[PDB]
Amino acid sequence: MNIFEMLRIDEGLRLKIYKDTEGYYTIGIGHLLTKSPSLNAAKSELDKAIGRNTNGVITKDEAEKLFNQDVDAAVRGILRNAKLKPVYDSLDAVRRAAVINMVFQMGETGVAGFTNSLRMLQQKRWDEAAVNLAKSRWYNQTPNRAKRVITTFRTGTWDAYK
Ligand SMILES: [Cl-]
Ligand SMILES: [Cl-]
């Protein structure tokens, strides 16, 4: 298992514009298009992202290309973030995948807002961090995915995904 296969399991793959759990226009592998309610604003962003007139539909390859960009940007954002970098540096390879997963879903700002949990992760207090991570809107809104991520932080294995 690796970051790509983990996120592919959490986000799925859809070749036609769809709405995410929050009601936002998305496509491919969890690629947010816009928070705007306009499907046209969404089609426009889509075409801008792909470099072609898509009419709201893309191919597998195109979906995978967006996915590669997004994971790269996620990693780079973490390493550029003063709050995230130290946590990330301190972790093992599996747990690093967990931070990347959160960043991809909720953005660097969002994750950086998990002050207390981050401090617990850095101190390697696994059980305590898992309990604190669960007291969040995140966990309440997408409980099955959050439990998976949380288990990864708690155990340091890919069990939740197997
Ligand atoms: Cl883009
Ligand atoms: Cl869920």
# chains A, B, ... in the order shown; residues from 1 in each chain; ligands from 1

$ select_by_dssp --residues "chain A" --states "helix (DSSP H, G or I)" --output "VMD selection string"
chain A and resid 3 to 11 39 to 50 60 to 80 84 to 90 93 to 112 115 to 122 126 to 134 137 to 141 143 to 155 159 to 161

$ closest_atom_pairs --of "chain A" --to "ligand 1" --cutoff "10 Å" --atoms "only C-alpha atoms and all ligand atoms" --output "Markdown table"
| residue | atom | partner | partner_atom_place_in_ligand_line | distance |
| --- | --- | --- | --- | --- |
| A:31 | CA | ligand 1 | 1 (Cl) | 8.3 |
| A:32 | CA | ligand 1 | 1 (Cl) | 9.0 |
| A:33 | CA | ligand 1 | 1 (Cl) | 8.1 |
| A:45 | CA | ligand 1 | 1 (Cl) | 8.1 |
| A:46 | CA | ligand 1 | 1 (Cl) | 8.2 |
| A:47 | CA | ligand 1 | 1 (Cl) | 9.8 |
| A:48 | CA | ligand 1 | 1 (Cl) | 7.6 |
| A:49 | CA | ligand 1 | 1 (Cl) | 4.6 |
| A:50 | CA | ligand 1 | 1 (Cl) | 7.8 |
| A:51 | CA | ligand 1 | 1 (Cl) | 9.9 |
| A:65 | CA | ligand 1 | 1 (Cl) | 9.9 |
| A:66 | CA | ligand 1 | 1 (Cl) | 6.9 |
| A:67 | CA | ligand 1 | 1 (Cl) | 9.7 |
| A:69 | CA | ligand 1 | 1 (Cl) | 7.7 |
| A:70 | CA | ligand 1 | 1 (Cl) | 7.9 |

$ closest_atom_pairs --of "chain A" --to "ligand 2" --cutoff "6 Å" --atoms "only C-alpha atoms and all ligand atoms" --output "CSV"
residue,atom,partner,partner_atom_place_in_ligand_line,distance
A:142,CA,ligand 2,1 (Cl),3.5
A:143,CA,ligand 2,1 (Cl),4.6
A:144,CA,ligand 2,1 (Cl),3.7
A:145,CA,ligand 2,1 (Cl),4.3

$ residues_around --residues "residue 39 (chain A)" --least-positions-apart "5" --cutoff "10 Å" --atoms "only C-alpha atoms" --output "list in words"
residues 17, 18, 24, 25, 33, 34, 44, 45 and 56 of chain A

$ residues_around --residues "region 131-139 of chain A" --least-positions-apart "2" --cutoff "12 Å" --atoms "only C-alpha atoms" --output "number ranges by chain"
A: 21-22, 99, 102, 105-106, 110-111, 113-121, 125-129, 141-151, 153-154

$ atom_distance --atom1 "CA of residue 13 (chain A)" --atom2 "CA of residue 28 (chain A)"
5.1 Å

$ residues_around --residues "residue 90 (chain A)" --least-positions-apart "2" --cutoff "10 Å" --atoms "only C-alpha atoms" --output "PDB file with C-alpha atoms, in the first residue's frame"
ATOM      1  CA  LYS A  85       6.776  20.393   8.404  1.00  0.00           C
ATOM      2  CA  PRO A  86       8.007  19.620  11.911  1.00  0.00           C
ATOM      3  CA  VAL A  87       5.243  17.121  12.486  1.00  0.00           C
ATOM      4  CA  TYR A  88       5.807  15.444   9.151  1.00  0.00           C
ATOM      5  CA  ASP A  92       7.484   7.308  10.169  1.00  0.00           C
ATOM      6  CA  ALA A  93       6.567   6.560   6.511  1.00  0.00           C
ATOM      7  CA  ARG A  95       2.007   8.056   9.438  1.00  0.00           C
ATOM      8  CA  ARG A  96       3.419  10.540   6.888  1.00  0.00           C
ATOM      9  CA  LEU A 121       1.521  13.335  17.092  1.00  0.00           C
ATOM     10  CA  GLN A 122       4.910  15.007  17.356  1.00  0.00           C
ATOM     11  CA  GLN A 123       5.256  13.660  20.911  1.00  0.00           C
ATOM     12  CA  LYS A 124       4.266  10.166  19.668  1.00  0.00           C
TER      13      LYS A 124
END

$ closest_residue --among "A:7, A:42, A:1, A:15" --to "residue 68 (chain A)" --atoms "only C-alpha atoms"
A:7

$ atom_distance --atom1 "CA of residue 76 (chain A)" --atom2 "CA of residue 37 (chain A)"
29.2 Å

$ closest_residue --among "A:57, A:100, A:3, A:112" --to "residue 82 (chain A)" --atoms "only C-alpha atoms"
A:112

$ atom_distance --atom1 "CA of residue 157 (chain A)" --atom2 "CA of residue 8 (chain A)"
17.5 Å

$ select_by_dssp --residues "chain A" --states "strand (DSSP E)" --output "tab-separated table (two decimals) with N, CA, C and O atoms, in the first residue's frame"
chain	number	residue	atom	x	y	z
A	14	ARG	N	-14.36	9.14	-10.48
A	14	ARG	CA	-15.54	9.52	-11.25
A	14	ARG	C	-15.12	10.35	-12.42
A	14	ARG	O	-14.37	11.31	-12.24
A	15	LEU	N	-15.53	9.93	-13.61
A	15	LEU	CA	-15.16	10.61	-14.83
A	15	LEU	C	-16.11	11.73	-15.25
A	15	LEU	O	-15.86	12.40	-16.24
A	16	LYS	N	-17.18	11.96	-14.49
A	16	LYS	CA	-18.13	13.02	-14.81
A	16	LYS	C	-18.27	13.94	-13.60
A	16	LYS	O	-18.12	13.44	-12.45
A	17	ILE	N	-18.47	15.27	-13.82
A	17	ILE	CA	-18.56	16.20	-12.69
A	17	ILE	C	-19.58	15.68	-11.71
A	17	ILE	O	-20.63	15.18	-12.12
A	18	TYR	N	-19.25	15.73	-10.43
A	18	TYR	CA	-20.16	15.25	-9.41
A	18	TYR	C	-20.06	16.17	-8.25
A	18	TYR	O	-19.20	17.05	-8.24
A	19	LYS	N	-20.90	15.96	-7.26
A	19	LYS	CA	-20.84	16.76	-6.06
A	19	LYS	C	-20.22	15.94	-4.94
A	19	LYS	O	-20.55	14.76	-4.75
A	25	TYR	N	-18.75	20.86	-6.45
A	25	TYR	CA	-18.39	20.32	-7.76
A	25	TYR	C	-16.95	19.80	-7.78
A	25	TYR	O	-15.99	20.55	-7.52
A	26	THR	N	-16.85	18.51	-8.09
A	26	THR	CA	-15.60	17.74	-8.11
A	26	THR	C	-15.52	16.86	-9.36
A	26	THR	O	-16.50	16.62	-10.04
A	27	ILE	N	-14.35	16.31	-9.65
A	27	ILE	CA	-14.19	15.36	-10.76
A	27	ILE	C	-13.00	14.43	-10.46
A	27	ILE	O	-12.21	14.76	-9.61
A	28	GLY	N	-12.86	13.30	-11.15
A	28	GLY	CA	-11.72	12.38	-11.00
A	28	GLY	C	-11.56	11.75	-9.62
A	28	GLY	O	-12.49	11.14	-9.05
A	31	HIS	N	-10.71	15.64	-6.97
A	31	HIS	CA	-10.21	16.94	-7.41
A	31	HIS	C	-11.29	18.02	-7.32
A	31	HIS	O	-12.14	18.10	-8.21
A	32	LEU	N	-11.30	18.83	-6.25
A	32	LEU	CA	-12.28	19.89	-6.10
A	32	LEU	C	-12.22	20.91	-7.26
A	32	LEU	O	-11.16	21.42	-7.63
A	33	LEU	N	-13.34	21.18	-7.89
A	33	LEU	CA	-13.29	22.15	-8.98
A	33	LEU	C	-13.56	23.59	-8.52
A	33	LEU	O	-12.84	24.52	-8.88
A	34	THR	N	-14.63	23.76	-7.75
A	34	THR	CA	-15.05	25.06	-7.26
A	34	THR	C	-16.04	24.88	-6.14
A	34	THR	O	-16.75	23.89	-6.08

$ decode --residues "region 50-66 of chain A" --atoms "N, CA, C and O atoms" --output "PDB file, in the first residue's frame"
ATOM      1  N   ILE A  50      -7.778  21.023 -17.546  1.00  0.00           N
ATOM      2  CA  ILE A  50      -7.422  20.018 -18.548  1.00  0.00           C
ATOM      3  C   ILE A  50      -6.818  20.601 -19.840  1.00  0.00           C
ATOM      4  O   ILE A  50      -6.071  19.957 -20.587  1.00  0.00           O
ATOM      5  N   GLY A  51      -7.112  21.844 -20.125  1.00  0.00           N
ATOM      6  CA  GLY A  51      -6.537  22.416 -21.323  1.00  0.00           C
ATOM      7  C   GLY A  51      -7.310  22.037 -22.568  1.00  0.00           C
ATOM      8  O   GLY A  51      -6.802  22.054 -23.681  1.00  0.00           O
ATOM      9  N   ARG A  52      -8.569  21.701 -22.380  1.00  0.00           N
ATOM     10  CA  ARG A  52      -9.405  21.353 -23.516  1.00  0.00           C
ATOM     11  C   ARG A  52     -10.862  21.587 -23.203  1.00  0.00           C
ATOM     12  O   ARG A  52     -11.202  21.847 -22.066  1.00  0.00           O
ATOM     13  N   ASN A  53     -11.704  21.550 -24.222  1.00  0.00           N
ATOM     14  CA  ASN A  53     -13.117  21.732 -24.015  1.00  0.00           C
ATOM     15  C   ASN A  53     -13.667  20.401 -23.585  1.00  0.00           C
ATOM     16  O   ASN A  53     -13.733  19.463 -24.363  1.00  0.00           O
ATOM     17  N   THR A  54     -14.008  20.255 -22.335  1.00  0.00           N
ATOM     18  CA  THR A  54     -14.409  18.924 -21.956  1.00  0.00           C
ATOM     19  C   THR A  54     -15.876  18.629 -21.923  1.00  0.00           C
ATOM     20  O   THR A  54     -16.209  17.460 -21.912  1.00  0.00           O
ATOM     21  N   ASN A  55     -16.749  19.625 -21.805  1.00  0.00           N
ATOM     22  CA  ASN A  55     -18.160  19.305 -21.661  1.00  0.00           C
ATOM     23  C   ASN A  55     -18.444  18.467 -20.391  1.00  0.00           C
ATOM     24  O   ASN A  55     -19.362  17.642 -20.350  1.00  0.00           O
ATOM     25  N   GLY A  56     -17.644  18.676 -19.343  1.00  0.00           N
ATOM     26  CA  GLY A  56     -17.833  18.025 -18.026  1.00  0.00           C
ATOM     27  C   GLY A  56     -17.415  16.571 -17.926  1.00  0.00           C
ATOM     28  O   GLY A  56     -17.663  15.868 -16.935  1.00  0.00           O
ATOM     29  N   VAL A  57     -16.773  16.089 -18.946  1.00  0.00           N
ATOM     30  CA  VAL A  57     -16.334  14.712 -18.875  1.00  0.00           C
ATOM     31  C   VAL A  57     -14.847  14.561 -19.222  1.00  0.00           C
ATOM     32  O   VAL A  57     -14.358  15.172 -20.153  1.00  0.00           O
ATOM     33  N   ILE A  58     -14.133  13.692 -18.511  1.00  0.00           N
ATOM     34  CA  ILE A  58     -12.699  13.481 -18.754  1.00  0.00           C
ATOM     35  C   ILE A  58     -12.410  11.989 -18.842  1.00  0.00           C
ATOM     36  O   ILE A  58     -13.268  11.171 -18.513  1.00  0.00           O
ATOM     37  N   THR A  59     -11.198  11.645 -19.284  1.00  0.00           N
ATOM     38  CA  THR A  59     -10.761  10.268 -19.418  1.00  0.00           C
ATOM     39  C   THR A  59      -9.986   9.840 -18.163  1.00  0.00           C
ATOM     40  O   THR A  59      -9.571  10.685 -17.377  1.00  0.00           O
ATOM     41  N   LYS A  60      -9.737   8.530 -18.016  1.00  0.00           N
ATOM     42  CA  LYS A  60      -8.992   7.971 -16.883  1.00  0.00           C
ATOM     43  C   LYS A  60      -7.612   8.604 -16.708  1.00  0.00           C
ATOM     44  O   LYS A  60      -7.181   8.956 -15.598  1.00  0.00           O
ATOM     45  N   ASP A  61      -6.919   8.723 -17.841  1.00  0.00           N
ATOM     46  CA  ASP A  61      -5.595   9.309 -17.905  1.00  0.00           C
ATOM     47  C   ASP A  61      -5.598  10.732 -17.366  1.00  0.00           C
ATOM     48  O   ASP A  61      -4.689  11.143 -16.643  1.00  0.00           O
ATOM     49  N   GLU A  62      -6.601  11.520 -17.818  1.00  0.00           N
ATOM     50  CA  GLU A  62      -6.753  12.907 -17.388  1.00  0.00           C
ATOM     51  C   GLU A  62      -7.009  12.991 -15.883  1.00  0.00           C
ATOM     52  O   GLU A  62      -6.454  13.835 -15.187  1.00  0.00           O
ATOM     53  N   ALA A  63      -7.839  12.052 -15.376  1.00  0.00           N
ATOM     54  CA  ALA A  63      -8.125  11.954 -13.966  1.00  0.00           C
ATOM     55  C   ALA A  63      -6.866  11.637 -13.190  1.00  0.00           C
ATOM     56  O   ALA A  63      -6.655  12.152 -12.080  1.00  0.00           O
ATOM     57  N   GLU A  64      -6.036  10.754 -13.759  1.00  0.00           N
ATOM     58  CA  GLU A  64      -4.803  10.368 -13.069  1.00  0.00           C
ATOM     59  C   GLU A  64      -3.765  11.468 -13.096  1.00  0.00           C
ATOM     60  O   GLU A  64      -2.955  11.615 -12.180  1.00  0.00           O
ATOM     61  N   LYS A  65      -3.810  12.256 -14.145  1.00  0.00           N
ATOM     62  CA  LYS A  65      -2.893  13.376 -14.220  1.00  0.00           C
ATOM     63  C   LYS A  65      -3.206  14.424 -13.150  1.00  0.00           C
ATOM     64  O   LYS A  65      -2.329  14.881 -12.417  1.00  0.00           O
ATOM     65  N   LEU A  66      -4.491  14.774 -12.999  1.00  0.00           N
ATOM     66  CA  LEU A  66      -4.896  15.704 -11.947  1.00  0.00           C
ATOM     67  C   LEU A  66      -4.476  15.143 -10.584  1.00  0.00           C
ATOM     68  O   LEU A  66      -3.995  15.868  -9.733  1.00  0.00           O
TER      69      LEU A  66
END
